[PDB]
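# A structural walkthrough
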Amino acid sequence: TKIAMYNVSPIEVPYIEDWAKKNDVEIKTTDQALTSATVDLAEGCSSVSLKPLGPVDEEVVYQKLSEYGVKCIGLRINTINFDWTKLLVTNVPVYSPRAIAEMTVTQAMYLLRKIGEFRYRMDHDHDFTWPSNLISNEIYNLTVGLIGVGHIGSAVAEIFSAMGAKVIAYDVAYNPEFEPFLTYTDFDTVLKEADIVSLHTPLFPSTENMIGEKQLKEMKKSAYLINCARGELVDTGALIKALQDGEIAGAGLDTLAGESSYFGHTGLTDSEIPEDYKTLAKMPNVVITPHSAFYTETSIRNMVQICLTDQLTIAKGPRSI
Amino acid sequence: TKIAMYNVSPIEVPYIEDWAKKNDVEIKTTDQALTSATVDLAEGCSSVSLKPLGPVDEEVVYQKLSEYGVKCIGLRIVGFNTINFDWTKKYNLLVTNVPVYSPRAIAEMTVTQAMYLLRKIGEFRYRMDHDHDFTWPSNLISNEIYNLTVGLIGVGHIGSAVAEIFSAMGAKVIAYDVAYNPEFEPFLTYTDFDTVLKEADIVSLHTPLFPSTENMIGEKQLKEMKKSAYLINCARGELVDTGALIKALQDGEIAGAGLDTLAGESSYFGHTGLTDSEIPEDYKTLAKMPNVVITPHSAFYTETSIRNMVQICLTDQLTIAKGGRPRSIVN
Amino acid sequence: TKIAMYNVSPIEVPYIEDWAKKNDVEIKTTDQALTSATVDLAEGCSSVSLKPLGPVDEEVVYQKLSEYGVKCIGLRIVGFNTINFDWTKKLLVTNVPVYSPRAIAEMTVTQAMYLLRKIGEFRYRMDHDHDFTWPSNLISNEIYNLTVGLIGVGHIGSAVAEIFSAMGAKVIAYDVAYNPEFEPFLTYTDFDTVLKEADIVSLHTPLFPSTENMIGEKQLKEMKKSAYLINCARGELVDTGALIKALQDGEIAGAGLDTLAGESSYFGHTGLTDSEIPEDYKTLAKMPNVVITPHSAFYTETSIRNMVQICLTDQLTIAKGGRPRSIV
Amino acid sequence: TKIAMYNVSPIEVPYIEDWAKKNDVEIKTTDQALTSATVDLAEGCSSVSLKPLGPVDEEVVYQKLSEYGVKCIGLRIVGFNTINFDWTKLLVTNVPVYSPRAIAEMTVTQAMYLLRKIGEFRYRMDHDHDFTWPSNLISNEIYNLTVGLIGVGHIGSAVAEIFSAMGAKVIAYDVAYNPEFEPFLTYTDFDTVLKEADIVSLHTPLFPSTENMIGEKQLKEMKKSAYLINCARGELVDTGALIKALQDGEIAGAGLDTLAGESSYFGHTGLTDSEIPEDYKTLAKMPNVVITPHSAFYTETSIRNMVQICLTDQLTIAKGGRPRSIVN
């Protein structure tokens, strides 16, 4: 059984070759996205694997898939026109909840200890003193609020509750197994009571700009906001006003609305990076990361490996569909 | 029953009045140092309490103290170097300190720096802001903490608290202490110094500072660490030979470092209006490094810490007034 | 809208009356099973709700159901096998898949800690020998120096892992399927190794034909003499004869059971003759290194609350042409 | 540098031998108390180690020890009442902290066993032949419960870390404040602990002022559903009061490792019926009580630490150290 991969980064490669040899399956690979110009590669292959940057719109790819004997298209992570697939599609539902959870916790502790604000005082004003307004506090004294909790949210809960924190959380769906770690309550209560706020809901039209002005005047003025989920969840401009006028204490971001413009690219001009970004990046009580929350060996390993072993069971007869 | 308080900063005040209500003790307060000028205020007090900025230099102070009948000089800090003890025995004067005030403050700073470094955060921001580069390079992939072993040198209040925390998160904690405490076995495994350095993905210092501990971390010790590993010092600068740490980072002996305290820190931390002349190249060299984070000995700086420095001090002195001797007494 | 409930227990009532006054919904109830007779109360209902002990084997029930404009049968348990599914082509079926993982994880843990401390063994020497000494063969250990092994790890296996891991024990586990969300709490490994290394072996696979009698002689001899076997899963995972033999010979050090092969005769029954109660129960039950409970791992307020509320909320969702995921 | 050891038991033997072997000391041993016949063994030795059952009250032994030229009496327990300090005039060292988690774990174990009603169920199964689930034997998940500690030291705090990890709310009364401890518990007053906890655990030391600290008034103050755990010291509880409160439904059950008046039979065999007390028998017959014979301490770790902390203390003595274990 032969497999054909697409969109591969050099970092995915080692784990690919480790699976290739471990499951004793022939694998062919390439960094380029799957097109009509690269379908020729899935010859013999029991499956094609993608990790798409973009839509695979043109439909003759599918024609060639089922003509070549490909049983399945397996993603490593909606980019698939599902109408044309009537081939089996698969995804990678879960790669490392702890990855994004750990980034979340990290950004929140950095801000809490107000490290960014101290380094500014130190480096620009040359002020190595301890001001009344920069006092910090222990994590167990705080109560954390989560807007949306799934695989990523719950890992965040287990960690903070473990550190002694009260976690309170709003989700439209009751999972009982989470009760050891958090108290379910309403949206507003979460915003009102929480010293750290972490976004973990999905992205839908209804959820776009979930967080804007109201919310921020509504947060504790001493609260920090954490978004390791999707930039479209936050009204960015709103955030920027909120921060300036001090309606929150800080924000930690792994993502911003319109991030695809510059996240993932290199060698940009001052002109190609947006001012809202440039403005936040400059705030000592903010931290931004280039959507890197997902980026651990475990994430990489599981993005490749889950999909290939799946792909092996499809060259014979799993839940990923 | 009366206590005189010195060196009070605004920030202590609410814990001060708070404690004075909780216990029914009368408190006189001042933001000034204890000297010949101000010893007056100790009148009819059982104890004075300080958070000193310098030696208590004047014999007169101690004499006039035991002459008022002040039983004890309570410090609101661990440090008692600022007290002349020849003279505290000469005047039959007790001295107390606050040795333990908020271990989780520091353990939490420790963890925070570890995690920040581990997620390469400062290194991404660098690529972002200065090379205008937002890609994920190969060498900046991170790992989850439950896959790592964290290594403590010195396991005291702070060390064990680091252990309970990183252990709560599933990391393996190994540690070297000269002293065995069964209390800590649920959270760490004791090993030897050499091994802690050798096996650890994170090395965190928590031994006290002695002559026998000055420069405990040096060239040989940074050579023995992993290329991948991070050095954390939220303990004391003097544990680290700074030049050596610089050399190690530059030479890629280790991957990064988190510092709350520096050797020779005492001449710049907690100063303002410094001009480049008065801040060292030591600190400058470390601070431009994306894989280094430095805080200004702020590991302790939480409301719990401040509060406890007030209240632990004041109840220690209240029990001295009552005729007790608290273990906070310095001998 | 209307929902009718059968198999209701006194304990369920408050939680139900709460969902009821909360959702603006009529609920009519009865302690007795769904049948030819009692189908008559499902009139006008969007749904019925069951917690059955027998198959609902009468066709008439189903037909009169689709006759009343009843949309769904919602089980308040996991096991939907008490439904004939051919006839449900008339009718939707929902279940309550997860209600308290932790209820069972905490029973599991309690029984382990109890044997590990040898309290039943001590009370035996105190009460029968008038002996209050402390013998060599009764020394115990701290949980963090022991390694806990899981055969099968689901919602329950992971909750258990979470707890033990949190107390500082090492956890190993065998599951046919890989779940990344469990790595902070356990290490995956092979079946054999779970048995060979563990000090406590707990079972959390599901009952299947290919799984019936998972634990027999081979496996018990392979466990550590000092190990403890926990079954808070399903009795049929364990061959009672083999278990009895092993405990008797010292091939394992003890066992905690909430469940037993054959248990249906007597679990759930009162006023029993000594005949009505089988000898293997009485034999394990006479042993001080055994603890047994009557299939109440599940039994907490959280489980009752959630078994009622999840199922009703699902029924409402289906009363509004919703389709919550507990469609079966 | 040679050591004499007294009171050794079969289980200690191995850690003794492994430590003498690891540190190059010779040790001599004997199972009887140190008195004036066996003192003859401590000749040439730099220190002794006992684990006493009753007072060393012979003066020959003290001055014969300082004649043989021994420097300290190392105890392998916390309890020093047995050494006479008039006669030590000789240093005395004890072993103050040997395995907090051993006691904290018995505390937790007993607490979970109670909380899950395994004893009450065992009674209904074995005496009533009743294998059903009653309303009063509904149980609860630990994270929904709150744990109150009277007294918080090495042990009470270890109990706190454990219950905190499981997600319970922990609260404690102590006369002293321990910053190290705020992550696991919240300090408060005595009344409040009794008033709000679903489990009460005793961890205060025994002092004249603490004798009968939990008695009639305090038990009326606890909740009908609360359990009392005493893995601390029996004289802390008024057994009469406790028995009668259990009888009246003032509390829901209790878990005990120690009893006011235990030293008559705990650690003995084989008593007559007259020799095991009425109170004990009353409690032991209560399915909602659990009683272990002061085995809370009794682990591998504990035995080991008792031996090795004492011997190494004694070795730092022979080379001229004066370790903090010195009690004068």
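Looking at the entry header, you'll see X-ray crystallography listed as the method and 3.450 Å as the resolution.

Going by the annotation in the PDB entry, the name recorded for chain B is D-ISOMER SPECIFIC 2-HYDROXYACID DEHYDROGENASE, with Lactobacillus delbrueckii subsp. bulgaricus given as the source organism. Under its PDB header, the title given for this structure is "Crystal Structure of D-isomer specific 2-hydroxyacid dehydrogenase from Lactobacillus delbrueckii ssp. bulgaricus". The UniProt entry for chain B carries the following comment under Sequence similarities (unreviewed entry): "Belongs to the D-isomer specific 2-hydroxyacid dehydrogenase family."

By the naming in the PDB entry, chain A is D-ISOMER SPECIFIC 2-HYDROXYACID DEHYDROGENASE, taken from Lactobacillus delbrueckii subsp. bulgaricus. Under the heading Sequence similarities (unreviewed entry), UniProt records this for chain A: "Belongs to the D-isomer specific 2-hydroxyacid dehydrogenase family."

To continue, consider the overall build of chain B. For chain B, the count of helices and strands is 11 helices and 12 strands. Overall, the C-alpha framework of chain B stretches about 70 × 50 × 35 Å when taken along its three principal axes. Buried residues in chain B amount to 59% of all 331 residues. Of the contacts made within chain B by residues no fewer than 6 positions apart, 68% connect residues no fewer than 24 positions apart. Of the roughly 13200 Å² of accessible surface on chain B, a fraction of 50% belongs to carbon and sulfur atoms. A distance of 4 Å separates the average location of the 29 positive side-chain charges in chain B from that of its 42 negative side-chain charges.

Moving on, we get to the side chain of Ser295 of chain D. As for its placement among the helices and strands, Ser295 of chain D is situated in the loop between β12 (289–291) and α10 (300–318). For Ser295 of chain D, the contacting residues outside a window of four places in its chain are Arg117, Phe122 and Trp134 of chain C together with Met106 and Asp257 of chain D.

Before going further, it helps to examine empty space enclosed by the protein. The gaps left among the atoms become clear once a water-sized probe is rolled over them. Residues and elements named next belong to chain C. In this structure, the largest cavity spans a volume of roughly 60 Å³. Taken together, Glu217, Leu220, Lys221, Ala242, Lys245, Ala246, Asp249 and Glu251 form the lining of the largest cavity. Where the lining of the largest cavity is concerned, the elements lending two or more residues are α7 (217–222) and α8 (240–249). Element by element, the count of residues in the lining of the largest cavity is highest for α8, at four residues. Partitioned by chemical class, the residues of the lining of the largest cavity number three nonpolar, no polar and five charged.

Take the nonpolar core next. One finds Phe166 and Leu231 of chain B to be the most contacted residues of the largest nonpolar core, which totals 131 residues. Those residues in contact with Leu231 of chain B that sit more than four places away from it in its chain are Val203, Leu205, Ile217, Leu222, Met225, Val240, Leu245, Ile254, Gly256, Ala257 and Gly258 of chain B. If you look at the next biggest cluster of nonpolar residues, it comprises 99 residues, including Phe185 of chain C together with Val108, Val147 and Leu149 of chain D.

Counting residues at the interface gives 64 residues for chain D and 63 residues for chain C. Taken together, the two surfaces of chain D and chain C that pack against each other cover about 5500 Å², and 60% of this comes from carbon and sulfur. Three residues, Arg116, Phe131 and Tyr298 of chain D, lead the burial of chain D against chain C; their summed loss comes to 14% of the area buried on that side. Our count for the chain D to chain C interface comes out at zero salt bridges.

So, about the side chain of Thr85 of chain A. Mapped onto the secondary structure, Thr85 of chain A falls in the loop between β4 (72–75) and β5 (88–90). Once residues lying within four places of it in the same chain are set aside, the contact partners of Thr85 of chain A are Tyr62, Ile73 and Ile80 of chain A.

Residues and elements named next belong to chain B. When the domains of chain B are assigned, the result is domain 1 (1–102 + 301–331) and domain 2 (103–299). Placing a centre on the C-alpha atoms of domain 1 and another on those of domain 2 gives a separation of 34 Å. Taken residue by residue, the interface counts six residues in domain 1 and seven residues in domain 2. Carbon and sulfur atoms make up 65% of the area that domain 1 and domain 2 hide from each other, which totals about 410 Å². Area buried by domain 1 at its contact with domain 2 is led by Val100, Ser102 and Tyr301, which between them contribute 85% of it. Scanning the region where domain 1 abuts domain 2 turns up zero salt bridges.

Time to look at the environment of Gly153 of chain A. Residue and element names in this part refer to chain A. Looking at where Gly153 falls in the secondary structure, it is placed in helix α5 (residues 151–162). A sequence separation of 41 residues divides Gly153 from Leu112, and the C-alpha atoms of the two residues are 19 Å apart. Residue contacts for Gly153: discarding those within four places in its chain leaves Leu146 and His200.

Right, let's get into the interface of chain C and chain A. Taken together, the contacts link 16 residues of chain C with 16 residues of chain A. Interface of chain C and chain A: buried area, both sides summed, is about 1100 Å²; carbon and sulfur atoms make up 59% of it. Broken down residue by residue, the surface that chain C buries against chain A is led by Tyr178, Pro180 and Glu181 of chain C, which jointly contribute 33%. The interface formed by chain C and chain A includes two salt bridges. Where chain C touches chain A, the interface holds six residue pairs in polar contact. Counting only elements with at least two residues in the side of chain C that touches chain A, the list comes to α3 (101–117), α5 (155–166) and α10 (301–319) of chain C. The biggest single contributor to the side of chain C that touches chain A is α10 of chain C, with four residues. When its residues are assigned to classes, the side of chain C that touches chain A shows eight nonpolar, three polar and five charged.

One widely used convention gives an interface's size as the accessible area the parts lose upon coming together. Residues and elements named next belong to chain A. What the domain assignment lists for chain A is domain 1 (1–96 + 295–321) and domain 2 (97–293). Here the C-alpha centre of domain 2 lies 34 Å away from the C-alpha centre of domain 1. At the boundary of domain 1 with domain 2, total buried surface from both sides reaches about 430 Å², with 61% on carbon and sulfur atoms. When the buried surface of domain 1 facing domain 2 is broken down by residue, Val94, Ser96 and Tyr295 rank first, second and third, together holding 78% of it. Put simply, domain 1 and domain 2 have zero salt bridges between them. Where domain 1 packs against domain 2, one counts four residue pairs in polar contact. Residues belonging to the side of domain 1 that touches domain 2 are distributed by class as follows: three nonpolar, three polar and no charged.

A separate point is the packing of α3 of chain C against α5 of chain C. Residues and elements named next belong to chain C. Put simply, α3 and α5 touch, their axes get as near as 8 Å, and they point 55° apart. Here α3 is positioned oblique relative to α5, judged by the angle of their axes. Read as a crossing pair, α3 and α5 show a hand that is right-handed. For the pair α3 and α5, the contacting residues are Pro101, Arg102, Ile104, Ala105, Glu106, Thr108, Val109 and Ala112 in the first and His155, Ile156, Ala159, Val160, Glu162, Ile163 and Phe164 in the second. Considered class by class, the residues forming the contact of α3 with α5 number 10 nonpolar, two polar and three charged.

Moving on to the UniProt feature "domain: D-isomer specific 2-hydroxyacid dehydrogenase catalytic" (unreviewed entry) in chain B. If you check UniProt for "domain: D-isomer specific 2-hydroxyacid dehydrogenase catalytic" (unreviewed entry), the listed places come out as residues 4–331 of chain B in our numbering. Split by type, residues 4–331 of chain B is 35% helix and 13% strand. Its first and last C-alpha atoms lie 22 Å apart.

Let us look at the sheet that holds strand β9 (residues 199–202) of chain D. All names here are of chain D. The seven strands lie next to each other as β8-β7-β6-β9-β10-β11-β12, forming an open sheet whose pairing is parallel. Because the sheet does not close on itself, it has two edges, and the strands there are β8 (186–187) and β12. Sheet topology places strand β6 (residues 146–150) next to β9; four bridges connect them, and they run parallel. Of the residues in β9, the one forming a bridge with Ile150 is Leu202.

What counts and what doesn't
- Residues numbered from 1 in each chain as written, not as in the entry; some residues may be left out.
- Chains lettered and ligands numbered in written order.
- Heavy atoms only, no water.
- UniProt positions renumbered as here; feature names shortened; annotations may be inferred.
- Helix = DSSP H or I, 4+ residues; strand = E, 2+ residues; numbered from the N terminus.
- Buried < 20%, exposed > 50% of the residue type's maximum accessible area, 1.4 Å probe, protein only.
- Contact = heavy atoms within 4.5 Å.
- Areas by Shrake-Rupley, 256 points an atom, 1.4 Å probe, with all protein chains shown as cover.
- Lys, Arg positive; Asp, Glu negative; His and termini not counted.
- Charge placed at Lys NZ, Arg CZ, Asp CG, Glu CD.
- 1 Å grid on protein atoms, 1.4 Å probe; cavity = no way out; pocket = protein on both sides within 12 Å on 5 of 7 lines; lining within 4 Å.
- Points joined across faces, edges and corners; volume = space filled by probe spheres on them.
- Nonpolar A, V, L, I, M, F, W, Y, C, P; charged D, E, K, R; others polar.
- Core = buried A, V, L, I, M, F, W, Y, C linked by side-chain atoms within 4.5 Å.
- Buried area = accessible area lost by both parts, 1.4 Å probe.
- Salt bridge = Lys/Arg side-chain N within 4 Å of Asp/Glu carboxyl O.
- Domains from an automatic or database assignment.
- Polar contact = N/O pair within 3.5 Å; in protein donor to acceptor, adjacent residues only side chain to side chain.
- Axes fitted to C-alpha atoms, helices over the stretch in contact; angles between N-to-C directions.
- Parallel < 35°, antiparallel > 145°, perpendicular 65-115°, else oblique.
- Left-handed = near helix turned anticlockwise from the far one by under 90°.
- Pairing = 2+ DSSP bridges.

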